[PDB]
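Data block below; observations after.
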Amino acid sequence: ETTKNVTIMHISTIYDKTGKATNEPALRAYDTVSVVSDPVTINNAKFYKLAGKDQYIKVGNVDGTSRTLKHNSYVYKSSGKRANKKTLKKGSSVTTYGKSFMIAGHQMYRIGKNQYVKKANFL
């Protein structure tokens with residue numbers, strides 16, 4: 001196997017070679033793991049194979065998904081405070097990692113370490 005090191009950006013279920021979830025302990029955000037460098041496709045979904053193991057994680061939890069903003073947006077911390085006073089502008093492409101989180105009552109995507117943007121603001 002040719003492998004590379006990646007940072008988990010979102011809690012990640014461990015799947016088997018058929019894309020079925022296992023009960024193996026989930027990988028946790030900001031841990032580093034060795035994966036086979038090229039993703040695999042299972043059921044038209046992309047996964048990283050963990051190096052040396054028949055275990056697979058979703059690429060969206062590592063490389064993310066590029067999404068376009070339909071509204072000007074603030075960036076929040078998990079506490080609910082604004083992370084900064086910057087505004088991400090409508091039409092910007094922003095990478096989001098995994099499934100949205102509930103932050104201060106709103107569904108939000110993680111865009112960075114302790115940085116979140118409201119899901120409703122994306123196209």
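Chain labels run A, B, ... following the order of the structure tokens; each chain numbers its residues from 1, and ligands are numbered from 1 in the order shown.
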Check chain A with DSSP on the backbone and list each residue it calls strand (DSSP E), as a ChimeraX atom specification. /A:3-7,32-36,40-42,45-49,56-58,65-68,73-76,82-88,93-103,106-112,115-118
Residues within 6 Å of residue 122 (chain A), only C-alpha atoms, excluding chain neighbours under 6 positions, as a ChimeraX atom specification: /A:68-70
Nearest residue to residue 51 (chain A) out of A:6, A:75, A:123, A:94, using only C-alpha atoms? A:6
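The interatomic distance for the pair CA of residue 63 (chain A) and CA of residue 117 (chain A) works out to 17.1 Å.
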For residue 105 (chain A), find every residue with an atom within 12 Å (counting only C-alpha atoms), except residues of its own chain fewer than 6 positions away, and show them as a PyMOL selection string. chain A and resi 78-80+118-119
File of the preceding selection, N, CA, C and O atoms, as a PDB file, in the first residue's frame:
```pdb
ATOM      1  N   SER A  78     -17.888  26.832  18.845  1.00  0.00           N
ATOM      2  CA  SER A  78     -18.847  25.863  19.369  1.00  0.00           C
ATOM      3  C   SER A  78     -19.611  26.391  20.577  1.00  0.00           C
ATOM      4  O   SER A  78     -20.725  25.928  20.836  1.00  0.00           O
ATOM      5  N   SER A  79     -19.045  27.354  21.304  1.00  0.00           N
ATOM      6  CA  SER A  79     -19.772  28.003  22.398  1.00  0.00           C
ATOM      7  C   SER A  79     -20.994  28.789  21.925  1.00  0.00           C
ATOM      8  O   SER A  79     -21.897  29.067  22.723  1.00  0.00           O
ATOM      9  N   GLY A  80     -21.028  29.188  20.667  1.00  0.00           N
ATOM     10  CA  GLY A  80     -22.034  30.100  20.173  1.00  0.00           C
ATOM     11  C   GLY A  80     -21.549  31.521  19.974  1.00  0.00           C
ATOM     12  O   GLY A  80     -22.249  32.313  19.326  1.00  0.00           O
ATOM     13  N   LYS A 118     -23.527  28.421   9.599  1.00  0.00           N
ATOM     14  CA  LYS A 118     -24.883  27.874   9.554  1.00  0.00           C
ATOM     15  C   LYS A 118     -25.178  27.136   8.250  1.00  0.00           C
ATOM     16  O   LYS A 118     -24.993  27.661   7.146  1.00  0.00           O
ATOM     17  N   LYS A 119     -25.665  25.906   8.393  1.00  0.00           N
ATOM     18  CA  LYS A 119     -25.988  25.072   7.234  1.00  0.00           C
ATOM     19  C   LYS A 119     -26.981  25.758   6.311  1.00  0.00           C
ATOM     20  O   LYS A 119     -26.906  25.627   5.081  1.00  0.00           O
TER      21      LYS A 119
END
```
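DSSP annotation of chain A from backbone atoms: helix (DSSP H, G or I) residues are residues 59, 60, 61, 119, 120 and 121 of chain A.
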